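Colleague: Next up is a structure, given as structure tokens.
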4 protein chains.
Amino acid sequence: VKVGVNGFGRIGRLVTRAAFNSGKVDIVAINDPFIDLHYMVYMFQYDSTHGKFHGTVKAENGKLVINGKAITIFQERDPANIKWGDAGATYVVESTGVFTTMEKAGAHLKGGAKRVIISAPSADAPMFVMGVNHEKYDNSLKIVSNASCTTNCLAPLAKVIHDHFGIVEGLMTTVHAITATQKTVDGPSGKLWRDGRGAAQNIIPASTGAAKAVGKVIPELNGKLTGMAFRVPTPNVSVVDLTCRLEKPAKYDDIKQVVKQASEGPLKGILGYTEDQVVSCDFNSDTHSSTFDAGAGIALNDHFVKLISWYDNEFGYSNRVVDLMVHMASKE
Amino acid sequence: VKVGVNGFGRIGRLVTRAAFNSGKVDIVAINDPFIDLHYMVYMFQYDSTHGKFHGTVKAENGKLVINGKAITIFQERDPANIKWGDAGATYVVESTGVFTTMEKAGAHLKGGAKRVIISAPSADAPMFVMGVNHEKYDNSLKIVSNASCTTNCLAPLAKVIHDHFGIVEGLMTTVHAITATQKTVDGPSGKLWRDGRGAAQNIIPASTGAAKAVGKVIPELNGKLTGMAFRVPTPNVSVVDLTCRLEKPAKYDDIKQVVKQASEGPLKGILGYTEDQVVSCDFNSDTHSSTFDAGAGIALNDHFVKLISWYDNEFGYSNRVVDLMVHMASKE
Amino acid sequence: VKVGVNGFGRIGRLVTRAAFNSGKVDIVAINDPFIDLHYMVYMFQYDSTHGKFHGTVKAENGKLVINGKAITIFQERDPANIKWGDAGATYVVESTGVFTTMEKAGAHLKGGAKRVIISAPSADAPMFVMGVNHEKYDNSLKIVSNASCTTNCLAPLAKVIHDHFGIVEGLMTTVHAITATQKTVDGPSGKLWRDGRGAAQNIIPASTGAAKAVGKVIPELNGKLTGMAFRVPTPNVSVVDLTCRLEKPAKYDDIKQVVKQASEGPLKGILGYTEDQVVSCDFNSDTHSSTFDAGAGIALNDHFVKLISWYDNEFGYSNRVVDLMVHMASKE
Amino acid sequence: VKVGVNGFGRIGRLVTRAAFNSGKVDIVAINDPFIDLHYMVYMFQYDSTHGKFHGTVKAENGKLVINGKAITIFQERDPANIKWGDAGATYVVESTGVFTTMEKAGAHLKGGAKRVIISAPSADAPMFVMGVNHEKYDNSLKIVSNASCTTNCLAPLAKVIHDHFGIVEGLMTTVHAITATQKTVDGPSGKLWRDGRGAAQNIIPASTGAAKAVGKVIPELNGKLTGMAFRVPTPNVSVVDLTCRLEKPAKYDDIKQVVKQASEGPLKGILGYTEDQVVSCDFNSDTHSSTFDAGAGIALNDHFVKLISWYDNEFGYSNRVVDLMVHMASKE
Ligand SMILES: NC(=O)c1ccc[n+]([C@@H]2O[C@H](COP(=O)([O-])OP(=O)(O)OC[C@H]3O[C@@H](n4cnc5c(N)ncnc54)[C@H](O)[C@@H]3O)[C@@H](O)[C@H]2O)c1
Ligand SMILES: NC(=O)c1ccc[n+]([C@@H]2O[C@H](COP(=O)([O-])OP(=O)(O)OC[C@H]3O[C@@H](n4cnc5c(N)ncnc54)[C@H](O)[C@@H]3O)[C@@H](O)[C@H]2O)c1
Ligand SMILES: NC(=O)c1ccc[n+]([C@@H]2O[C@H](COP(=O)([O-])OP(=O)(O)OC[C@H]3O[C@@H](n4cnc5c(N)ncnc54)[C@H](O)[C@@H]3O)[C@@H](O)[C@H]2O)c1
Ligand SMILES: NC(=O)c1ccc[n+]([C@@H]2O[C@H](COP(=O)([O-])OP(=O)(O)OC[C@H]3O[C@@H](n4cnc5c(N)ncnc54)[C@H](O)[C@@H]3O)[C@@H](O)[C@H]2O)c1
């Protein structure tokens with residue numbers, strides 16, 4: 001399938017890296033009004049977090065050429081003015097953070113594209129998570145969402161645990177790395193005041209919808225989960241801390257067995273498992289959605305427990321975008 | 001009342017700063033084999049976290065003089081070889097991290113001191129927390145402990161909540177700043193392998209006894225609490241995240257009213273209260289033990305809730321050491 | 001004397017802090033289209049780098065009131081649409097970073113202000129540096145500039161050394177803390193590509209005009225100095241490293257004596273001197289423009305030498321703005 | 001040639017990585033009293049800066065097995081008690097930082113080893129630098145030194161420039177990343193006071209012998225160079241800033257040509273060259289000793305210039321150790 005990209009940021013660029021890594025998806029066009037053709041070369045070649053690109057990159061005849069495949073470049077602010085059709089782009093990835101409703105994202109179809117994928121949650125487009133509800137996707141749907149990074153970590157874990165023991169109620173905290181909507185020194189952040197204070201200096205509390213959204217993707221758990229977040233001064237990689245009460249009694253060692261079996265069968269590639277003494281930098285550029293840390297958790301008794309799971313928020317999420325589009329294309 | 005210090009580190013120096021500010025406690029001797037007389041002047045004058053000392057500091061006749069008070073300096077590795085009595089030291093503060101049992105800390109009395117206070121938890125000496133059980137102290141006790149920084153934050157908050165609504169069960173996480181037992185780059189750390197990885201780079205999980213210890217200080221809650229910790233890259237100030245279940249039903253607003261009343265009456269100076277949009281740097285050099293953040297917490301139901309409280313782990317703890325010794329002395 | 005502020009950022013707010021502390025300058029109006037009235041209270045009360053404000057701050061009748069003085073608030077993007085005169089603002093401080101030429105800054109006079117001071121270098125307005133050329137100011141000048149933070153550190157030091165021994169030639173490097181034009185993660189930065197890479201992760205080279213500009217402020221040194229900069233991951237405080245060649249021979253001790261004498265006489269308050277073992281945090285909220293570090297420098301010969309000087313780039317500069325306006329007003 | 005390692009730290013472990021990468025050197029024994037057999041596996045597998053080892057690692061029959069080669073493990077404090085001979089170790093790498101003179105390092109020959117290489121400067125063993133004086137090595141010599149990380153960056157650059165234009169005099173500064181002799185919070189550091197202040201918080205000045213040592217390795221430049229250092233809060237990668245005066249006149253573009261030619265001929269693999277807009281993270285795990293940055297430097301005139309060169313202090317240096325031992329072995 002042939003693909004386009006709107007917004008060449010952290011997610012936009014890493015999705016592009018992943019597609020050339022696989023060879024199931026082919027990238028044929030890119031739009032970003034604030035990055036010119038020569039500046040694109042530089043930003044794709046060099047990366048502070050994940051390292052130099054292994055391959056070749058240059059500019060020839062007004063196009064971007066990676067490993068020898070030529071790509072068409074555009075520079076528009078309004079999405080209705082982009083000529084996707086002429087270039088041959090059948091699916092579009094929307095990753096600017098500015099167009100997350102159905103009305104707004106709809107503008108792409110006007111330029112001659114078939115379907116659109118939003119790289120964030122949505123107030124009204126239907127949400128999917130690979131491993132959990134992806135089989136509910138249908139070819140009547142022209143606009144869809146891949147949810148948030150945090151929701152892709154929490155959802156696979158809660159499904160296994162709910163199926164085998166049963167969840168009565170629960171509360172979540174995430175300790176999360178820094179992103180591009182934060183600030184270097186104290187400053188203006190609009191309506192959300194704590195989010196504008198110095199990012200290199202502070203621990204910062206913040207809101208999250210990620211836990212209530214599990215209830216859309218798993219109906220049975222609707223109304224039984226919620227949570228919050230802290231932002232801390234590391235540049236990539238994050239962690240989930242889930243505290244919950246169970247229906248059926250369960251020793252800690254029984255919980256471990258069930259999680260390892262799922263990682264070796266149906267959820268291979270998505271949910272991992274480990275007993276080593278790891279820390280955050282050990283998961284930099286890891287491709288899983290969720291990895292269970294067996295040593296770091298604890299139980300008060302047979303009905304009340306605390307569980308711990310790690311995730312690369314940039315590079316894990318990027319690879320789930322590509323997987324989603326492949327599934328979709330097999331149902332055309 | 002006149003006092004001695006064994007260990008001139010982060011706690012040892014800041015206790016000394018607090019006592020000169022207050023003026024009920026008087027410091028008359030100091031022991032540290034690794035810091036000579038001229039080096040002591042430099043370390044007390046300048047501080048990276050809390051700033052310059054306002055006052056005068058100099059060296060005269062082989063003694064350390066601050067605002068005109070002369071202090072006797074010693075350099076011994078073995079605590080039994082030290083002559084406290086001769087210098088006139090009636091209480092000793094033990095803050096080296098190496099002598100935390102009753103056998104080991106007992107050596108100070110062989111040198112002619114009356115009573116000893118350990119600045120950390122203990123396997124066998126009795127523990128106290130101002131505001132919670134300090135009225136159970138009595139004259140027969142020669143060796144005592146002031147517990148940990150985390151236990152001084154959690155204990156006051158749980159006593160209010162247990163008294164008014166009742167705690168059935170609960171689980172705790174603390175997000176904590178870096179300390180002097182960590183390492184600048186990957187290296188050896190003994191039995192705890194995760195503790196030696198790079199402190200400037202990582203989020204690091206670790207164990208903590210601070211929640212079980214609440215059960216010794218408040219007998220009724222023995223066996224109903226436990227928890228863990230993460231270490232993150234800030235130089236000072238930490239936070240508690242308590243998830244718990246209640247006996248009597250309670251709306252969020254009712255919980256707020258009960259906490260504000262306690263802060264304004266019998267726990268004034270120990271427990272604070274706030275509704276402003278705060279972050280970690282806002283509590284640097286604050287003197288409270290625990291401050292409730294009303295905006296950051298959340299409730300699932302009338303029986304299931306998440307509560308949030310801040311603490312300066314260096315400077316809050318230092319001031320509680322001083323308060324304890326005053327109580328003690330006024331009962332001799 | 002009564003004054004206005006256009007741009008309530010890091011400099012705009014700290015100038016305001018300095019004036020209330022001193023008491024010769026009085027603030028009566030403030031303009032910032034992106035910070036509303038209630039948001040202003042919060043940003044002035046709490047500060048990550050310098051700490052809480054000691055005083056009272058509140059909102060009453062649509063005006064901002066600090067220790068009982070009411071201030072008029074405006075919200076305009078175009079500086080010509082602003083009514084300075086009506087509020088009683090005789091001088092205006094221009095600290096947005098967007099209006100640094102004479103055409104552009106001229107718009108403030110159309111609103112009824114007398115004189116304007118630009119808080120940055122300028123292509124065409126005349127530049128002044130207290131201690132060096134401030135006595136050349138005169139009444140005919142309606143628009144002026146206070147130069148950059150780096151130029152206020154270098155200029156006083158070079159004038160002493162040129163007067164006593166003579167400078168043939170020289171080259172400068174500054175190691176500088178992070179500012180608000182940098183980025184949290186890899187991203188777009190216009191014409192300067194290196195400036196947009198992750199600020200928490202990297203050492204970053206950049207250009208600076210600060211050394212050539214010394215040649216406008218001291219005509220005799222025109223064409224004999226230039227330099228560059230590196231940006232590093234601290235939140236405040238910077239350092240100068242000057243390498244130079246001399247006309248008259250000079251031992252290191254002779255250089256020290258000449259610098260101490262100037263600090264104790266005609267440059268008191270501007271140029272400091274020290275022989276203690278200092279580091280960067282020791283100068284946080286210091287009010288000098290330049291402090292000579294005697295231990296850190298070194299000489300190859302009696303004609304070839306390396307000199308080292310520290311500066312608080314936020315709070316030192318803020319106090320020089322206030323001093324300039326006093327001089328000006330006492331000559332009306 | 002068969003090789004042993006004393007001190008399994010940052011350098012000790014990365015040298016071991018490099019030798020299995022090449023296949024010119026074979027590692028057969030390791031000594032470290034503070035890291036037991038099972039702890040060695042963990043520290044070699046996982047790395048915060050350079051990433052997971054690509055290969056296999058396990059423990060079998062009391063030995064360490066990497067990619068299937070078995071290695072003998074020892075646990076001694078005194079180097080005279082190690083049985084190098086029995087294990088078959090013909091050369092020994094000394095990387096503890098405690099044994100840097102000829103007397104002290106001599107103890108290894110008593111255990112039955114042939115020659116020793118010190119991974120640091122030395123008060124009396126003879127020093128070498130690949131690319132510059134390695135051809136002066138002789139088979140009469142039993143104990144030798146590979147100099148410091150900084151000296152391996154400066155020396156190759158100064159040789160090219162001195163040969164083509166001539167150096168009359170010069171002064172150096174290095175901006176340098178953090179290491180394991182620093183501290184997480186303010187504390188005791190012995191005789192060097194600034195070196196014990198908080199490493200995550202400050203810019204710290206320090207001494208260096210690296211520039212005078214160039215005069216041993218290049219006799220003609222003895223007495224014409226010296227310098228100093230700043231330490232800053234990044235975990236790896238450093239930079240050199242050399243300011244110097246020339247004999248023969250030279251335009252900037254002439255200096256560039258000469259440096260590029262040397263990088264493509266005799267000094268290929270040791271000295272690099274670049275015109276792109278790079279920053280520090282772009283050189284993480286780079287194998288060169290010195291890379292010239294052409295955009296970042298500047299000239300005041302035809303006789304007076306400032307030059308800039310980057311270096312991975314951990315991973316560049318490690319690969320030069322291995323190269324030295326190969327050369328040596330060809331002269332047996
Ligand atoms: N950073 C993460 O870990 C992460 C994880 C999951 C989801 N996301 C989501 O992905 C989106 C972007 O995240 P990001 O981290 O890549 O931000 P980013 O700033 O790194 O990237 C955004 C890009 O959008 C471009 N852009 C802006 N306006 C545009 C327009 N009108 N037309 C075309 N291009 C435009 C910018 O030039 C920029 O390159 C957000 O909605 C975010 O919620 C981020
Ligand atoms: N920093 C905190 O958050 C905190 C809070 C509460 C309690 N504590 C506890 O206080 C104790 C001290 O902590 P710190 O943070 O000051 O550590 P630190 O390393 O800053 O201080 C320890 C000091 O003890 C000295 N020392 C070592 N051996 C000695 C001996 N034989 N005689 C005299 N002095 C000796 C060292 O030179 C050093 O000055 C620890 O047990 C710690 O757990 C720390
Ligand atoms: N921080 C330093 O070290 C330093 C030192 C000396 C000089 N300066 C200079 O001072 C100037 C301001 O610097 P800063 O560090 O406070 O930046 P900042 O971003 O902290 O402050 C800029 C402020 O200007 C406001 N602004 C933008 N457009 C405006 C408009 N039309 N009207 C009114 N306000 C507007 C923003 O909301 C913001 O509050 C810059 O030119 C900078 O170069 C900075
Ligand atoms: N870090 C760098 O960038 C760098 C660069 C060039 C040279 N060096 C030099 O290499 C040496 C070590 O540097 P490092 O960064 O690897 O320090 P490190 O702490 O990382 O490694 C030192 C190791 O020595 C072991 N050790 C200590 N005493 C011992 C003994 N008696 N016997 C056996 N083993 C012992 C320790 O257990 C530790 O593993 C120093 O001399 C340093 O100057 C370092």
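Along the chain as shown, residues are numbered 1 onward.
The backbone N, Cα and C atoms fix where each Cβ goes, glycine too.
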Colleague: Just to be sure I read the record right: D:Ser148, D:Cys149, D:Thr150, D:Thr208, D:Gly209, D:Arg231 are listed as binding D-glyceraldehyde 3-phosphate in Swiss-Prot. Which of D:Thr179, D:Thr184, D:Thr274 is listed for the same site?
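Modeller: The one candidate that Swiss-Prot places in that D-glyceraldehyde 3-phosphate site: D:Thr179.
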Colleague: Quick one: which of D:62-67, D:170-175, D:242-247 does Swiss-Prot have down as motif '[IL]-x-C-x-x-[DE] motif'?
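Modeller: Comparing D:62-67, D:170-175, D:242-247 with Swiss-Prot, motif '[IL]-x-C-x-x-[DE] motif' matches D:242-247.
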Colleague: List those recorded positions among D:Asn6, D:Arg10, D:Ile11, D:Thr72, D:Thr179, D:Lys224 whose Cβ lies under 8 Å from any Cβ of chain B, in sequence order, or write 'none' if there are none.
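Modeller: Checking chain B against the recorded positions, the residues within range (Cβ-Cβ under 8 Å) are D:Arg10, D:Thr179.
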Colleague: Any idea what the Cα distance is from D:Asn313 (NAD(+) binding site) over to D:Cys149 (D-glyceraldehyde 3-phosphate binding site), rounded to a whole Å?
Modeller: 6
Colleague: Between D:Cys149 (D-glyceraldehyde 3-phosphate binding site) and D:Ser119 (NAD(+) binding site), how far is it from one CA atom to the other, in Å?
Modeller: 10
Colleague: With the D-glyceraldehyde 3-phosphate site defined by D:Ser148, D:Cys149, D:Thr150, D:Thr179, D:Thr208, D:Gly209, D:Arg231, which remaining residues of that chain have Cβ atoms positioned within 8 Å of the Cβ centroid?
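Modeller: Near the D-glyceraldehyde 3-phosphate site, beyond D:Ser148, D:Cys149, D:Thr150, D:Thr179, D:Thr208, D:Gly209, D:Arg231, sit D:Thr174, D:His176, D:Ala210, D:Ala229, D:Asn313.
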Colleague: What is the biggest Cα to Cα gap, in Å, among D:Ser148, D:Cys149, D:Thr150, D:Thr179, D:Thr208, D:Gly209, D:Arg231, the residues listed as binding D-glyceraldehyde 3-phosphate?
Modeller: 17
Colleague: Starting from the Cα of D:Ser119 (NAD(+) binding site), work out which of the recorded positions (D:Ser148, D:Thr150, D:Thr226, D:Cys244) are within 10 Å.
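Modeller: Those near D:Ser119 (NAD(+) binding site) - Cα within 10 Å - are D:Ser148, in sequence order.
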Colleague: Find the shortest Cα-Cα separation between D:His176 (site 'Activates thiol group during catalysis') and the recorded positions D:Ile11, D:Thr72, D:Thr208, D:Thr226, and name the residue that gives it.
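Modeller: Spatially nearest to D:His176 (site 'Activates thiol group during catalysis') by Cα position is D:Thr208.
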Colleague: So how many other Cβ atoms are close to D:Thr72 (phosphothreonine), meaning within 10 Å of its Cβ?
Modeller: 18
Colleague: Taking every protein chain in this structure into account, which of the recorded positions D:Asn6, D:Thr179, D:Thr226, D:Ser238, D:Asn313 has the most other Cβ atoms within 10 Å of its Cβ?
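Modeller: Answer returned by the neighbour count: D:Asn6.
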Colleague: Using DSSP, how many residues of the region 'Interaction with WARS1' (D:1-145) fall into helix, strand and coil, respectively?
Modeller: 42 helix, 37 strand, 66 coil
Colleague: Using DSSP, what is the helix/strand/coil residue split across the motif '[IL]-x-C-x-x-[DE] motif' (D:242-247)?
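Modeller: The breakdown for the motif '[IL]-x-C-x-x-[DE] motif' (D:242-247) reads 0 helix, 5 strand, 1 coil.
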Colleague: Which recorded positions (D:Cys149, D:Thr208, D:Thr226, D:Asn313) come close to chain C, taking a Cβ gap under 8 Å as close?
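Modeller: Only D:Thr226 pass the 8 Å Cβ test.
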Colleague: Between C-alpha atoms, which of these recorded positions comes nearest to D:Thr72 (phosphothreonine): D:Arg10, D:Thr150, D:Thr208, D:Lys224, D:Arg231?
Modeller: D:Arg10
